Every structure is written in structure tokens, then in C-alpha cells.
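Visitor: Sending over a structure as C-alpha cells; questions will come in a sec.
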Amino acid sequence: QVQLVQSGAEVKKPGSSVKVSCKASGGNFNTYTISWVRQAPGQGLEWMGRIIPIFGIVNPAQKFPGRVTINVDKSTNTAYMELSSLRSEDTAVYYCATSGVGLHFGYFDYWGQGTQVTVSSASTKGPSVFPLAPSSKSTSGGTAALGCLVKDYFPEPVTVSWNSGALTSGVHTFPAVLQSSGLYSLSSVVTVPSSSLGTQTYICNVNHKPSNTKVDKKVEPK
Amino acid sequence: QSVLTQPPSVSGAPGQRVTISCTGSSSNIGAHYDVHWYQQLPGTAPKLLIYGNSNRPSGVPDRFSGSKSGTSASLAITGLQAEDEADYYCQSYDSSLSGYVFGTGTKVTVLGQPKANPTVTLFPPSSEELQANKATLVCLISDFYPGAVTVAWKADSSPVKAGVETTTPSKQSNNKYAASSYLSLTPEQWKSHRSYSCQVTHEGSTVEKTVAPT
């Protein structure tokens, strides 16, 4: 009955603020009660506050005083949440959700797709890329694994393709570790035929849009 | 907020019946406030699953059912399907904090695939990384099921814990799991020892790989 569309992922320093939007399509958004709920990585659900646009009234949650500001633009049919004085613990996916029309605390029957918000004192950094070279150590029968190590970048995400997208079979790109230094790393492996080692060229293509850097690294045997 | 208590994990094979408990107190469940459930498929937003303790919104399968009793609520899935593998949260209202209270979350696993033993590949630091005055050991664990592994690292068969970073397992494009472990070292630490080992334990089995600076 309602389509909720949230704005894009956001990357911020401590102390700055972030505004997220939730655009409704269908139903009668200006009659509904709108909440914001956040989910920290690997954690549960946390209510930020609600707005009732019928009365122009906003009920923020006790944990966020002055920090949270909720907002509807009744013309463009768009809800907003602004969280200020960001800290790293504010890192979460933020959801727009509708409860029904009313002042009660109803269930959330409709939910936007979520907005990733990352708060970190880290600054944008492209990765260093190192070959994980194949050898007997990575060979077992008909298959050999080789890879690329994508080191110390910020922020997420990074994409890796092999031979410019030509090679997809046998490829796993792992999720990133987050280091104490605030920087990310991941690996990408491709399992290839053992006989192709040394006569087939393999190049990993790392693309880090947030830092505008692309890296092509050829990965060779011993 | 996360004040209703649920078990962290629930497991079943397809066709099995499972239940998830939602445990609250007198200021919520409790004070006769309704309980609702949300389903969160991996990578997606929560969707309403049960509302008003027991009602199903349109297009939620018959499998799912809810009840509440005294201070607890319960979600039942009678006939697990592969696609039921997700996180489930109960929610309600707490008059002692005057707001929404959520459950801690339950991960249900649908054991619908036979055990798969892990493939383990260990890479030593590249000389290129050494020229950069860094050194990183890379241990990649592939194609295992179910999705729990432990990784231990050793230098000369003696344990290390500092310098270790490990990703939680996640599915591959063949529905088995992969995971990775990294051991950070200085080039000097690296050149000291005789060998380094990555040790992977999965369902009572261990696979150990080794690399040497020589």
C-alpha cells in the first residue's frame, strides 16, 4: 500500500550531522505516523523517534536529545531525519517506517530499504593491492587458487572483477575486515584450472569509487 | 529498546516445526500490550510478519503463527523452508520507558544441505608487501557447511592472538560458506620464526596450513 524510498548511503566524520530522506509513493503519507529505526552492524533494532504529520508533532526518543530532528515536507511527500553531533556508535542502517494513522505505538507495517550511515574519523583512502600468487601451495589437483589482497581502504565499498569482468566463474570476493586503524581490507580469490597457470593471464581490477581510484594488478605464479 | 529476550539461535531441517521465545516483563508483554514480529532476510529491511500477537498480513505464509501468554510471546514456524532462513525480532511497547521495545533477535538456520568440509588456502606476505615494510598472512576458508568455524594462528606451533582479524562466515554463490583470517606482522617478526600456521576447525575436524619465510 505504500512505497518508501530512502536517500543514499552516507559517510561522515565525528561531530558532523546527517540528514536522511524517506520518500513515500502511494497511500496517504501525510496521514500516517512515521518512525525512524536504526540497526547497528550485527545488532538489533533501535527506535529514533516518530513524527505525526497530522498535528505537526514529533516525539524523539530519550537517548537522542537535540541530536534528532524529524521532518515532513507535505508537498513532496518526503520525511527527513537529521542526527547531529555524530559519534562512531551512530554507525548503523537507518530505516524509515510507517505505523498506521494514530497517536498509539502501532506496529510498523511498511519500511523503506534503509540508509547506511558510517561515522568514522578515518579519511577517504584508496587501497594498496597486492598479489596473492598461485604456486603448489595453492594448487590441489585440477584447480589452483590465486587472488588479490585489497589493503587499508576507506570507506566501503570496493568491487573486484577479474580480467575486466570477463571472468566470473570461480570468483569469491570476501567481505571486509575492519581494522583498529579504522581501515578496511578484503581479499578476492579466483579458482582457475591448474593447467592454465602460466599461460593464461589473470588481472584483478579493483574499483574504489569513494576515492576515485581503480587499480589493475596482474597476478602471476612463483 | 532491546529489552525483550529471545534465543540467539534456532535450527531446523526442512519440514520441521520450530518456535522462538520472546521474553519480557510486567512493564511490556506483560502489561497486556500487543506483540508483533518482523522477519529480516539477510541484506534486506525488516518486514512485518505477525501483528497483534497472531495476525498474518497478506502474503505471509500459513507456516508462521504467533501467540502471547502472560509475560511471553512465541513465534512458530510449522514446516521450515529454506527461504525462512532469516533474523526474527519481536516488538511491543514498554510503559516504564514509554516506547517501543524490541527483541534481541533470533537467527534461524535451515539445515538444508549436507555438511561440507572447508577448503583452506594460506598465502604468505608478498615480497611487494615486504618492500612496503608491511607483512600480512592471508588464510581463506571456502565451501564449508554449516557456517561455524574457528581459526587459530601459530608461530612455530606456538599460538598468537595479536595481529589476528577474521570475518564472520557468509554464503557464496553456491550457498556454502566462506570466511577469511588475516595475521598482521612486521617484516622482522616474519623473518624471525621458522614457520607460520593457520589452523581451521570445522565440525570436529582440523585443517592446518603452513608457510615459511624461507
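Numbering starts fresh at 1 for the residues of each chain in the C-alpha cells, the chains themselves are lettered A, B, ... in the order given, and ligands are numbered from 1 as they appear.
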Report as a PyMOL selection string the set of chain A residues whose atoms approach chain B to within 6 Å, with distances computed over only C-alpha atoms.

Guide: chain A and resi 44+46+109+113+177

Visitor: Write the residues you've just listed into a file as a PDB file, in the first residue's frame, and include N, CA, C and O atoms for each of them.

Guide:
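So result-v6.pdb came out as:
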ATOM      1  N   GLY A  44      20.631  -5.384  17.155  1.00  0.00           N
ATOM      2  CA  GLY A  44      19.185  -5.374  16.995  1.00  0.00           C
ATOM      3  C   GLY A  44      18.625  -4.023  16.564  1.00  0.00           C
ATOM      4  O   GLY A  44      19.300  -3.220  15.913  1.00  0.00           O
ATOM      5  N   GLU A  46      16.644  -0.267  17.035  1.00  0.00           N
ATOM      6  CA  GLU A  46      16.607   0.871  17.947  1.00  0.00           C
ATOM      7  C   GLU A  46      15.791   2.044  17.405  1.00  0.00           C
ATOM      8  O   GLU A  46      16.116   2.603  16.362  1.00  0.00           O
ATOM      9  N   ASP A 109       4.039  -1.471   9.659  1.00  0.00           N
ATOM     10  CA  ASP A 109       3.634  -2.298   8.523  1.00  0.00           C
ATOM     11  C   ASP A 109       4.403  -2.055   7.223  1.00  0.00           C
ATOM     12  O   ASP A 109       4.424  -2.924   6.357  1.00  0.00           O
ATOM     13  N   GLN A 113      13.952   0.971   2.391  1.00  0.00           N
ATOM     14  CA  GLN A 113      15.001  -0.033   2.131  1.00  0.00           C
ATOM     15  C   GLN A 113      16.240   0.156   2.988  1.00  0.00           C
ATOM     16  O   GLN A 113      17.138  -0.686   2.977  1.00  0.00           O
ATOM     17  N   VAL A 177      37.374  -7.037   6.554  1.00  0.00           N
ATOM     18  CA  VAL A 177      37.686  -6.858   7.961  1.00  0.00           C
ATOM     19  C   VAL A 177      37.785  -5.364   8.215  1.00  0.00           C
ATOM     20  O   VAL A 177      38.264  -4.630   7.357  1.00  0.00           O
TER      21      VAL A 177
END

Visitor: Within 6 Å of residue 24 in chain A, counting only C-alpha atoms, which residues show up once you throw out same-chain ones fewer than 6 positions away? Write them as a PyMOL selection string, please.

Guide: chain A and resi 3-4+77

Visitor: Kindly indicate which residue among A:181, A:140, A:16, A:213 lies nearest to residue 118 in chain A, using only C-alpha atoms for the distances.

Guide: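 So, comparing all the options, the nearest one is A:16.
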
Visitor: Could you state the separation of CA of residue 110 in chain A and CA of residue 175 in chain B in Å, given to one decimal place?

Guide: 29.2 Å

Visitor: So how far away is CA of residue 27 in chain B from CA of residue 33 in chain A, in Å?

Guide: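 Separation of CA of residue 33 in chain A and CA of residue 27 in chain B: 23.5 Å.
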
Visitor: Could you jot down the CA of residue 24 in chain B to CA of residue 107 in chain A separation for me, Å, one decimal place?

Guide: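 Pair CA of residue 24 in chain B / CA of residue 107 in chain A returns 17.1 Å.
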
Visitor: Could you give me, as a ChimeraX atom specification, the residues within 9 Å of residue 71 in chain A, counting only C-alpha atoms and dropping anything in the same chain fewer than 3 positions from it?

Guide: /A:51,53,56,58,78-82

Visitor: Output N, CA and C atoms of each residue in that selection to a file, as a tab-separated table (two decimals), in the first residue's frame.

Guide:
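See out29.tsv below for the written result:
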chain	number	residue	atom	x	y	z
A	51	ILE	N	7.27	11.04	13.86
A	51	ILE	CA	6.57	12.28	13.59
A	51	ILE	C	5.13	11.93	13.25
A	53	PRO	N	2.39	13.75	11.23
A	53	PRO	CA	2.24	14.93	10.37
A	53	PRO	C	0.84	15.55	10.45
A	56	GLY	N	1.64	17.92	13.11
A	56	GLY	CA	2.96	18.52	13.02
A	56	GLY	C	3.81	18.25	14.25
A	58	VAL	N	6.40	15.96	16.72
A	58	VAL	CA	7.49	14.99	16.71
A	58	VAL	C	7.87	14.52	18.11
A	78	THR	N	7.76	13.71	1.58
A	78	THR	CA	9.08	13.22	1.94
A	78	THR	C	9.39	13.46	3.43
A	79	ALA	N	9.76	12.39	4.12
A	79	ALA	CA	10.15	12.50	5.52
A	79	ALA	C	11.66	12.68	5.62
A	80	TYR	N	12.10	13.37	6.68
A	80	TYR	CA	13.52	13.56	6.92
A	80	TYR	C	13.87	13.24	8.36
A	81	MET	N	15.10	12.77	8.56
A	81	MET	CA	15.67	12.68	9.88
A	81	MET	C	17.07	13.26	9.83
A	82	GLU	N	17.34	14.18	10.75
A	82	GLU	CA	18.68	14.70	10.90
A	82	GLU	C	19.23	14.36	12.29

Visitor: What lies within 9 Å of range 197-205 of chain A using only C-alpha atoms, ignoring chain neighbours under 6 positions off, as a PyMOL selection string?

Guide: chain A and resi 131+134-135+144+146-148+159-165+167+188+214-221
